[PDB]
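S.K.: If it helps, the file is called work-v6.pdb and holds PDB, C-alpha atoms (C1' of nucleotides):
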```
ATOM      1  CA  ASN A 824      -7.307 -42.718  22.539  1.00  0.00           C
ATOM      2  CA  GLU A 825      -7.252 -46.145  24.184  1.00  0.00           C
ATOM      3  CA  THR A 826      -5.179 -49.301  23.699  1.00  0.00           C
ATOM      4  CA  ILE A 827      -6.324 -52.828  22.845  1.00  0.00           C
ATOM      5  CA  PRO A 828      -5.244 -55.847  24.948  1.00  0.00           C
ATOM      6  CA  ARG A 829      -4.525 -58.203  22.021  1.00  0.00           C
ATOM      7  CA  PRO A 830      -2.159 -56.300  19.693  1.00  0.00           C
ATOM      8  CA  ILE A 831      -1.726 -57.204  16.046  1.00  0.00           C
ATOM      9  CA  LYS A 832       0.731 -60.108  15.867  1.00  0.00           C
ATOM     10  CA  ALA A 833       0.884 -60.282  12.046  1.00  0.00           C
ATOM     11  CA  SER A 834       2.952 -58.311   9.542  1.00  0.00           C
ATOM     12  CA  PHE A 835       1.700 -56.909   6.253  1.00  0.00           C
ATOM     13  CA  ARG A 836       3.627 -59.647   4.437  1.00  0.00           C
ATOM     14  CA  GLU A 837       1.664 -62.374   6.223  1.00  0.00           C
ATOM     15  CA  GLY A 838      -1.483 -60.249   6.077  1.00  0.00           C
ATOM     16  CA  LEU A 839      -3.731 -58.992   8.843  1.00  0.00           C
ATOM     17  CA  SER A 840      -6.815 -60.927   9.898  1.00  0.00           C
ATOM     18  CA  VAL A 841     -10.313 -59.431   9.726  1.00  0.00           C
ATOM     19  CA  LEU A 842     -10.569 -57.959  13.221  1.00  0.00           C
ATOM     20  CA  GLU A 843      -6.926 -56.875  13.048  1.00  0.00           C
ATOM     21  CA  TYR A 844      -7.655 -54.948   9.854  1.00  0.00           C
ATOM     22  CA  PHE A 845     -10.746 -53.396  11.443  1.00  0.00           C
ATOM     23  CA  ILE A 846      -8.925 -52.218  14.569  1.00  0.00           C
ATOM     24  CA  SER A 847      -6.131 -50.834  12.375  1.00  0.00           C
ATOM     25  CA  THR A 848      -8.673 -48.876  10.324  1.00  0.00           C
ATOM     26  CA  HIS A 849      -9.893 -47.445  13.638  1.00  0.00           C
ATOM     27  CA  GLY A 850      -6.610 -45.556  13.911  1.00  0.00           C
ATOM     28  CA  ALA A 851      -6.110 -44.942  10.193  1.00  0.00           C
ATOM     29  CA  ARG A 852      -9.305 -42.910   9.796  1.00  0.00           C
ATOM     30  CA  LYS A 853      -8.471 -40.904  12.916  1.00  0.00           C
ATOM     31  CA  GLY A 854      -5.038 -40.201  11.459  1.00  0.00           C
ATOM     32  CA  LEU A 855      -6.528 -38.873   8.226  1.00  0.00           C
ATOM     33  CA  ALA A 856      -8.966 -36.640  10.115  1.00  0.00           C
ATOM     34  CA  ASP A 857      -6.145 -35.355  12.320  1.00  0.00           C
ATOM     35  CA  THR A 858      -4.063 -34.581   9.232  1.00  0.00           C
ATOM     36  CA  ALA A 859      -6.881 -32.515   7.723  1.00  0.00           C
ATOM     37  CA  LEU A 860      -7.546 -30.577  10.929  1.00  0.00           C
ATOM     38  CA  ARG A 861      -3.841 -29.942  11.535  1.00  0.00           C
ATOM     39  CA  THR A 862      -3.471 -28.647   7.979  1.00  0.00           C
ATOM     40  CA  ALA A 863      -6.308 -26.165   8.500  1.00  0.00           C
ATOM     41  CA  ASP A 864      -4.942 -25.025  11.867  1.00  0.00           C
ATOM     42  CA  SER A 865      -1.441 -24.592  10.438  1.00  0.00           C
ATOM     43  CA  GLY A 866      -2.819 -22.475   7.607  1.00  0.00           C
ATOM     44  CA  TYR A 867      -4.649 -20.195  10.022  1.00  0.00           C
ATOM     45  CA  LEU A 868      -1.556 -19.921  12.225  1.00  0.00           C
ATOM     46  CA  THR A 869       0.544 -18.971   9.203  1.00  0.00           C
ATOM     47  CA  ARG A 870      -1.941 -16.256   8.258  1.00  0.00           C
ATOM     48  CA  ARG A 871      -1.943 -14.792  11.765  1.00  0.00           C
ATOM     49  CA  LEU A 872       1.856 -14.882  11.967  1.00  0.00           C
TER      50      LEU A 872
ATOM     51  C1'  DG B   1     -22.340  -3.045  47.600  1.00  0.00           C
ATOM     52  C1'  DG B   2     -18.274  -4.106  45.412  1.00  0.00           C
ATOM     53  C1'  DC B   3     -16.556  -8.782  44.665  1.00  0.00           C
ATOM     54  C1'  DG B   4     -17.441 -12.982  42.552  1.00  0.00           C
ATOM     55  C1'  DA B   5     -18.295 -16.649  39.883  1.00  0.00           C
ATOM     56  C1'  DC B   6     -20.976 -17.756  36.471  1.00  0.00           C
ATOM     57  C1'  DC B   7     -23.664 -16.991  33.222  1.00  0.00           C
ATOM     58  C1'  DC B   8     -24.672 -15.567  29.309  1.00  0.00           C
ATOM     59  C1'  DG B   9     -24.454 -13.370  25.135  1.00  0.00           C
ATOM     60  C1'  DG B  10     -21.904 -12.422  21.447  1.00  0.00           C
ATOM     61  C1'  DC B  11     -18.773 -12.698  18.693  1.00  0.00           C
ATOM     62  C1'  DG B  12     -14.358 -14.242  15.890  1.00  0.00           C
ATOM     63  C1'  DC B  13     -12.206 -17.388  13.118  1.00  0.00           C
ATOM     64  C1'  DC B  14     -12.103 -21.868  11.039  1.00  0.00           C
ATOM     65  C1'  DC B  15      -4.731 -23.927   4.570  1.00  0.00           C
ATOM     66  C1'  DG B  16      -4.516 -23.135  -0.896  1.00  0.00           C
ATOM     67  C1'  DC B  17      -5.923 -23.066  -5.849  1.00  0.00           C
ATOM     68  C1'  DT B  18      -7.897 -24.968 -10.004  1.00  0.00           C
ATOM     69  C1'  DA B  19     -11.752 -27.976 -11.749  1.00  0.00           C
ATOM     70  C1'  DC B  20     -16.466 -30.159 -10.931  1.00  0.00           C
ATOM     71  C1'  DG B  21     -23.455 -32.138 -10.899  1.00  0.00           C
ATOM     72  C1'  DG B  22     -28.149 -30.295 -11.573  1.00  0.00           C
ATOM     73  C1'  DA B  23     -32.189 -27.810  -9.587  1.00  0.00           C
ATOM     74  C1'  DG B  24     -35.743 -23.634  -9.601  1.00  0.00           C
ATOM     75  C1'  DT B  25     -42.286 -24.170  -7.612  1.00  0.00           C
ATOM     76  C1'  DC B  26     -49.298 -22.779  -3.856  1.00  0.00           C
ATOM     77  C1'  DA B  27     -54.782 -18.537  -2.358  1.00  0.00           C
ATOM     78  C1'  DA B  28     -60.095 -10.832  -6.229  1.00  0.00           C
ATOM     79  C1'  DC B  29     -62.498  -7.965  -9.122  1.00  0.00           C
ATOM     80  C1'  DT B  30     -64.600  -4.376 -12.293  1.00  0.00           C
ATOM     81  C1'  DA B  31     -65.475   0.120 -13.795  1.00  0.00           C
ATOM     82  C1'  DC B  32     -63.815   4.318 -15.389  1.00  0.00           C
ATOM     83  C1'  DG B  33     -60.895   7.837 -17.257  1.00  0.00           C
ATOM     84  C1'  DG B  34     -57.092   9.730 -19.084  1.00  0.00           C
ATOM     85  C1'  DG B  35     -53.014   9.987 -21.549  1.00  0.00           C
ATOM     86  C1'  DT B  36     -49.583   8.266 -24.397  1.00  0.00           C
ATOM     87  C1'  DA B  37     -48.637   6.112 -28.209  1.00  0.00           C
ATOM     88  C1'  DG B  38     -49.342   4.093 -32.505  1.00  0.00           C
ATOM     89  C1'  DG B  39     -51.002   4.590 -37.411  1.00  0.00           C
ATOM     90  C1'  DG B  40     -51.350   7.071 -41.894  1.00  0.00           C
ATOM     91  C1'  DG B  41     -51.614  11.825 -44.386  1.00  0.00           C
ATOM     92  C1'  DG B  42     -49.719  15.292 -46.026  1.00  0.00           C
ATOM     93  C1'  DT B  43     -45.815  18.866 -46.424  1.00  0.00           C
ATOM     94  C1'  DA B  44     -41.392  21.857 -46.207  1.00  0.00           C
ATOM     95  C1'  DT B  45     -36.675  20.934 -46.549  1.00  0.00           C
ATOM     96  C1'  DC B  46     -32.379  18.780 -47.743  1.00  0.00           C
ATOM     97  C1'  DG B  47     -29.521  15.822 -51.249  1.00  0.00           C
ATOM     98  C1'  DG B  48     -28.437  13.603 -55.435  1.00  0.00           C
ATOM     99  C1'  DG B  49     -27.821  13.809 -61.185  1.00  0.00           C
ATOM    100  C1'  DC B  50     -26.295  16.437 -65.870  1.00  0.00           C
ATOM    101  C1'  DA B  51     -23.853  20.028 -69.668  1.00  0.00           C
ATOM    102  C1'  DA B  52     -21.709  24.879 -70.012  1.00  0.00           C
ATOM    103  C1'  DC B  53     -18.581  27.125 -68.253  1.00  0.00           C
ATOM    104  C1'  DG B  54     -14.708  28.780 -65.798  1.00  0.00           C
ATOM    105  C1'  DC B  55      -9.621  28.724 -66.802  1.00  0.00           C
ATOM    106  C1'  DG B  56      -4.349  28.424 -69.267  1.00  0.00           C
ATOM    107  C1'  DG B  57      -1.039  27.156 -72.420  1.00  0.00           C
ATOM    108  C1'  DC B  58      -0.302  27.767 -76.435  1.00  0.00           C
ATOM    109  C1'  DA B  59      -1.595  28.347 -80.669  1.00  0.00           C
ATOM    110  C1'  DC B  60      -3.294  30.272 -84.566  1.00  0.00           C
ATOM    111  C1'  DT B  61      -4.841  34.617 -86.495  1.00  0.00           C
ATOM    112  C1'  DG B  62      -0.943  35.862 -89.598  1.00  0.00           C
ATOM    113  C1'  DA B  63      -1.860  40.699 -89.677  1.00  0.00           C
ATOM    114  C1'  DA B  64       1.039  44.013 -89.382  1.00  0.00           C
ATOM    115  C1'  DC B  65       4.649  45.402 -89.082  1.00  0.00           C
ATOM    116  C1'  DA B  66       9.971  45.396 -88.294  1.00  0.00           C
ATOM    117  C1'  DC B  67      15.223  43.287 -89.493  1.00  0.00           C
ATOM    118  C1'  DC B  68      18.736  42.452 -92.130  1.00  0.00           C
ATOM    119  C1'  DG B  69      19.734  41.091 -97.028  1.00  0.00           C
ATOM    120  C1'  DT B  70      19.739  42.048-101.566  1.00  0.00           C
ATOM    121  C1'  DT B  71      20.524  43.780-107.062  1.00  0.00           C
ATOM    122  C1'  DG B  72      17.247  47.814-107.952  1.00  0.00           C
ATOM    123  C1'  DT B  73      19.048  52.681-109.729  1.00  0.00           C
ATOM    124  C1'  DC B  74      21.016  56.866-110.466  1.00  0.00           C
ATOM    125  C1'  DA B  75      23.354  60.838-111.633  1.00  0.00           C
ATOM    126  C1'  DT B  76      27.891  61.284-111.930  1.00  0.00           C
ATOM    127  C1'  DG B  77      32.979  60.135-111.963  1.00  0.00           C
ATOM    128  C1'  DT B  78      38.038  57.583-114.906  1.00  0.00           C
ATOM    129  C1'  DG B  79      40.263  56.256-119.590  1.00  0.00           C
ATOM    130  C1'  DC B  80      40.782  56.320-124.440  1.00  0.00           C
ATOM    131  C1'  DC B  81      40.206  58.892-128.977  1.00  0.00           C
ATOM    132  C1'  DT B  82      39.736  63.023-131.820  1.00  0.00           C
ATOM    133  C1'  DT B  83      40.719  67.776-132.626  1.00  0.00           C
ATOM    134  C1'  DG B  84      42.596  72.400-130.955  1.00  0.00           C
TER     135       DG B  84
END
```
Show how you would write the structure in this file as structure tokens.
M.R.:
Amino acid sequence: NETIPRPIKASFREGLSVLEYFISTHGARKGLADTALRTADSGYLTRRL
DNA sequence: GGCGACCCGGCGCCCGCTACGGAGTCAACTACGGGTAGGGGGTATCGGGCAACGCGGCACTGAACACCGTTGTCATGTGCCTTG
């Protein structure tokens, strides 16, 4: 949960560079993990409710 | 000396189903004694295979009577002829 100083200046049509793709993957993997954990927590909440 | 944090234990859980891999593993010994269990051996008991022989309808046995039907049969009555 930090921010980079040099944000991605390229669109997916032009295509990201190497480091741009890497620093995007940094957030993509975290998003997938968050989705999994939120799904589990929502299921448990539904059961309790 | 009850409050107090803090500390610690101790516990409680941690979406849904299908469908989707195998793998399987390190250190005694003998003597006895019985008893059960197996085997064959022999034996009392139960189960399977055949013609008379139970029946029954009727059928024959007609035999021996019965049931009408029949032409046997008889002694006894009309009609004509002869004589009172």
S.K.: Quick one: apply the PyMOL selection byres ((chain B) within 10 of (chain A)) to the file and drop the selected residues here as a PDB file with C-alpha atoms (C1' of nucleotides), keeping the file's coordinate frame.
M.R.:
```pdb
ATOM      1  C1'  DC B  13     -12.206 -17.388  13.118  1.00  0.00           C
ATOM      2  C1'  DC B  14     -12.103 -21.868  11.039  1.00  0.00           C
ATOM      3  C1'  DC B  15      -4.731 -23.927   4.570  1.00  0.00           C
ATOM      4  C1'  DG B  16      -4.516 -23.135  -0.896  1.00  0.00           C
TER       5       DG B  16
END
```
S.K.: How would you write, as a PyMOL selection string, the residues chosen by the PyMOL selection byres ((chain A and resi 825) around 12) on this structure?
M.R.: chain A and resi 824+826-828+846+849-850
S.K.: Would you work out the distance separating atom CA of residue 829 of chain A from atom CA of residue 858 of chain A, expressed in Å to one decimal?
M.R.: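 One can read the atom CA of residue 829 of chain A to atom CA of residue 858 of chain A distance as 26.9 Å.
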S.K.: Return as AutoDock Vina command-line options the box centre and box size in Å, one decimal, for an axis-aligned box around all listed atoms of segment 50-63 of chain B padded by 5 Å per side.
M.R.:
```
--center_x -13.3 --center_y 28.6 --center_z -77.7 --size_x 36.0 --size_y 34.3 --size_z 33.9
```
S.K.: Distance atom CA of residue 842 of chain A-atom CA of residue 854 of chain A, one decimal place?
M.R.: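 Straight-line distance from atom CA of residue 842 of chain A to atom CA of residue 854 of chain A works out to 18.7 Å.
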S.K.: Quick one: pull the distance between atom CA of residue 855 of chain A and atom CA of residue 840 of chain A, Å, one decimal.
M.R.: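 About the pair atom CA of residue 855 of chain A and atom CA of residue 840 of chain A: they are 22.1 Å apart.
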